[PDB]
Structures are given as structure tokens and as C-alpha cells.
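The chain below stands alone and is given as C-alpha cells, in the form deposited in one PDB entry.
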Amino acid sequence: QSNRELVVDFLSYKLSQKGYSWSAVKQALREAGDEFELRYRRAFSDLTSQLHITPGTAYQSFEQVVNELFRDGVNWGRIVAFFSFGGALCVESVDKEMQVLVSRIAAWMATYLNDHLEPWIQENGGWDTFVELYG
């Protein structure tokens, strides 16, 4: 349904809100999500220290947890809580996954520099010499 467009709008809203860049009733949902987060996020991290996705997370785990959100009934408030929870999950996941990805590539580059390139750089006057030439 348009449920996915709803989800996508909420997720990109929350992501851009926390300062992540990559380049209808949706409004009411954005605002209710904000309101919820402003009221309840201290009230949700003391037993909610889960935070993070692993690349091998199954949908069934997600389902079980959110199931305990809806165990004794669906109202609009817990739907909002659901969206907010998904958004927090998203923000955290991309945060840490981006840390590890960039860290991996940076580590690789540092390694290659230190093995194959630093000798030459030392026998040619170091980076100083560089900024002289291609400065």
C-alpha cells in the first residue's frame, strides 16, 4: 500500500533531522513522532539499550520486539511509537554502519601507504616536498 511511502517519508524525515545527508498525513505523522520523541526517549534507553542492527538481523526479531509493543492492543499512540522506534533503529544503524565502513576503508589506505608508499615518500623529501611541487 501507500504504507511504504509513509514509512519512507518518516525515515528520511528523521534521518535528515539528525543531520544525515546522502545528496498529507505524513505531516501529522512527522509531528506526532517528534512529540513522542520529545516526551519519551529518556523513558526509553534504560531497558532499551539495543540500538544496533547487525547485517544478519532477521525480520523475525524485529517482529517479536515490535510485537511486545503491541501485545495488548493497537491504538494510534503505539502506531506512532512504532514509527518512532523504526526511525531510531534506522538512525542508529546507519550511524554505526557508516562508522565501521569508513573506518575500514581508511584503515586499508593507511596500511597501503605505510607499506608501499612511505619508503618512497621518505626518499623524496616527505610531504613538505609534495606541497612545494603540487602546491
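For the two forms, the rigid core is made up of the largest set of C-alpha atoms that agree within 1.5 Å on superposition. Numbering starts at 1 and follows the sequence shown.
There is another form of the same protein, the form solved in complex with a small molecule; it is not shown, and what comes next is about it.
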So the small molecule isn't shown here. In the entry with it bound, which residue out of 58, 100, 107, 65 has a non-hydrogen atom within 4.5 Å of it?
65
Superpose on the rigid core, then report which one of 101, 74, 38, 69 has a CA displacement of at least 2 angstroms between this form and the one not shown.
101
For residue 114, decide whether the Cα shift between this form and the one not shown is 2 Å or greater, given a superposition on the rigid core.
yes
Superposing on the rigid core, do we see a C-alpha displacement of 2 Å or more at residue 16 between this form and the one not shown?
no
Taking the rigid core as the frame, does residue 53 move its C-alpha by 2 Å or more between this form and the one not shown?
yes
A 3 angstroms or greater change in CA distance between residue 61 and residue 37 is reported in the entry with it bound. Closer or farther than in this form?
closer
With a difference of at least 3 Å, the CA distance of residue 91 and residue 48 in the entry with it bound shows the atoms closer
